[PDB]
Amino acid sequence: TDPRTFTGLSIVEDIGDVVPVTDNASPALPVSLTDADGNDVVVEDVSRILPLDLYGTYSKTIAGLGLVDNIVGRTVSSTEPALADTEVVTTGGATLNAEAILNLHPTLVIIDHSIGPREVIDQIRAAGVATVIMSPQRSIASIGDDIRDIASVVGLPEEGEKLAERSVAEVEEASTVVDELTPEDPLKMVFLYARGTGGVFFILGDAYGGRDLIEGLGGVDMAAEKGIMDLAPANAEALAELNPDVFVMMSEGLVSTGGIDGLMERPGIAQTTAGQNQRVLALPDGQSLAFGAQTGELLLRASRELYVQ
């Protein structure tokens, strides 16, 4: 079949919890490290972990390593089922709440600058909480190295190596399937971020890592073609210039703008090729840009929806 003739929404269902590599993780502590901001940190107690980021990666990797039961709080992006009853420590999108964090009496915060404010991260450290700043590479090629970095922090290097190798094998196997499914002329895609029916409506660029998802699905990321390094408002002019064949979206984000019907009301959407085919690939919000352990499964499920009728 010709995937340019497909129409309508394709939605990937929740992939669920990460399968841990062990049921008896025994952290080798203490650990001393210099983090991505240059802070020297001693990690001596991992009993109460806050693994916080915009993308939902760290909570999933921590579970993959065998420490899911140690997670005591989360951001909204960590939507995996195991954490559904775990306290949320952000407000709005991803704004850190110092009071909520400190009231959970964490022993370790793993975080990066995808969320903030920076000043709240500094307050938590000053209050006596061991805080480790990561700067993950967030590419498909670096899935294993990003896992190994997290594993080092919690004193689980062997589990890290197992999880890294398993995840890299899964993502290379998925890529074999993707390559067989892709059309000769790649589909043009964008990652369209939506939250609500108002102005939170953006084409995501380099900083958010959607290019590696789109290219992992065999597509061309029109944001990369046009040099978008952070994000651009998805206004009519931008949409006409990018003119994708498929909008890649987050499932709950799409619901929040009124589903396909609401999306089609937004200026410029209906005039693109994707809009004329009402062609949206919706991915679970908390997996879509998480990469990490589940990347291979995500690529497999998404490529089936893109290329198999």
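Position 1 is the first residue in the sequence shown; the rest follow in order.
Colleague: So, looking at the entry's B-factor column for Cα atoms, which has the higher mean, 197-205 or 170-178?
Modeller: Higher mean C-alpha B-factor: 170-178.
Colleague: So which stretch wins on mean C-alpha B-factor, 141-149 or 79-87?
Modeller: Between 141-149 and 79-87, it is 79-87.
Colleague: With respect to the C-alpha temperature factors reported in the PDB entry, which of 219, 155, 136, 92 ranks highest?
Modeller: The listed residue with the largest C-alpha B-factor is 92.
Colleague: Sorting 59, 34, 251, 271 by Cα temperature factor from the record, which one lands on top?
Modeller: Checking the PDB record, the top C-alpha B-factor among 59, 34, 251, 271 is at 271.
Colleague: Compare the C-alpha B factor of residue 210 with those of the other modelled residues in its chain, then answer lowest, middle or highest third.
Modeller: Within its chain, residue 210 is a middle-third residue by C-alpha B-factor, going by the deposited values.
Colleague: Consider only the C-alpha atoms of the modelled residues in this chain, order them by B-factor as the entry records it, and name the third containing residue 118: lowest, middle or highest.
Modeller: It falls in the top third of the chain.
Colleague: In terms of the CA temperature factor given in the entry, to which third of its chain does residue 40 belong: lowest, middle or highest?
Modeller: Middle third - that is where residue 40 ends up once the chain's C-alpha B-factors are sorted.
Colleague: What third of its chain's C-alpha B-factors does residue 51 belong to: lowest, middle or highest?
Modeller: Answer is lowest: the recorded C-alpha B-factor places it there.
Colleague: Thinking about Cα B factors across the chain, which third does residue 186 belong to?
Modeller: CA B-factor rank for residue 186: highest third.
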